[PDB]
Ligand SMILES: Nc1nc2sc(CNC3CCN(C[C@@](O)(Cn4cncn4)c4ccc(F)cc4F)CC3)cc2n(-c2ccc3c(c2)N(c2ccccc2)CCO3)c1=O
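First, one chain by itself: the form deposited without this ligand, in structure tokens.
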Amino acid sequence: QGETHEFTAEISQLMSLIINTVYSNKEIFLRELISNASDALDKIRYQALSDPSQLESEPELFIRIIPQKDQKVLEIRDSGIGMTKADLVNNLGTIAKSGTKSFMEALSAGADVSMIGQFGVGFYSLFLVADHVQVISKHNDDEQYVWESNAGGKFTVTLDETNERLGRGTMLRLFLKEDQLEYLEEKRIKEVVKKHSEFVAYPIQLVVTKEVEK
């Protein structure tokens, strides 16, 4: 049962600018997505200070980076607060009109793309390196859902009957552009994390797949 919705026009505008830009420091996407993961983790930690049972759906607080080399997919998972079905539609497809408009005006004046997070729309920096995204999310109030976008004017939201259970939190699945496959490599990911994400209150875990040889 796929629900199709329309992006706020300005968000569609910004996605087109980002997916097409030749900006040369694309690695900042990972900084922005780790920062958003950290924010989501802050929110569940805040709720858990009042009500520790909110953590029972996934007791550990983490950010986890999972390259899927054969799929040409980079996954970025957190155990933050998650998004309900109603959220995903709102947080990603509709709200942040203000930040997107302000950021585009800043771009026209000369702003560096790397300041995208100062406008609150750093999520959309993922289109620097990906041409398609799935956002899998699980909030304590709700079932697990998948939100999906190709940087065009529409997105879908579907009950998640095909991905691993998250317990609680959000996983972005970035379908990388053909010239951006360096962000599947352990050494490259580590470099970017260490350079840009030193001040993060949660462990940043890197999942690496190695052949056992003798």
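If you superpose the two forms and keep the largest set of C-alpha atoms that fall within 1.5 Å, you have the rigid core. Just count from 1 along the sequence shown to find any residue number. Residues that one form lacks are left out of the comparison.
From this point on, the text means the form solved in complex with this ligand, which you will not see here.
Placing this ligand by C-alpha superposition of the site, using its position in the entry with it bound, leaves the pocket blocked: at least 3 ligand atoms lie within 2.4 Å of backbone or C-beta atoms here. Note on the interface: of 64-72, 175-183, 32-40, 159-167, the segment with non-hydrogen atoms within 4.5 angstroms of this ligand in the entry with it bound is 32-40. Although the partner is absent here, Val135 sits close enough that one of its heavy atoms falls within 4.5 Å of this ligand in the entry with it bound.
Residue contact with this ligand in the entry with it bound: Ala130 places no heavy atom within 4.5 Å of it. Contact check for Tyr145: every heavy atom lies farther than 4.5 Å from this ligand in the entry with it bound. By the criterion of a heavy atom within 4.5 Å, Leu107 is excluded from the residues contacting this ligand in the entry with it bound.
Counting a residue when any of its non-hydrogen atoms is within 4.5 Å of this ligand in the entry with it bound, the hits in 68-93 run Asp78, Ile81, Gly82, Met83, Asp87, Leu88, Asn91. Core-based superposition between the shown form and the other one shows that, of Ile76, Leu92, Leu128, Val133, only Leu92 has its Cα displaced by 2 Å or more.
Whereas the displayed form keeps them at a certain spacing, the CA atoms of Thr94 and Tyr46 lie at least 3 angstroms closer in the entry with it bound. Once the rigid core is aligned, the segment that moves between the shown form and the other one, defined as three or more consecutive common residues whose C-alpha shifts all reach 2 Å, runs 91-95 and is the only one.
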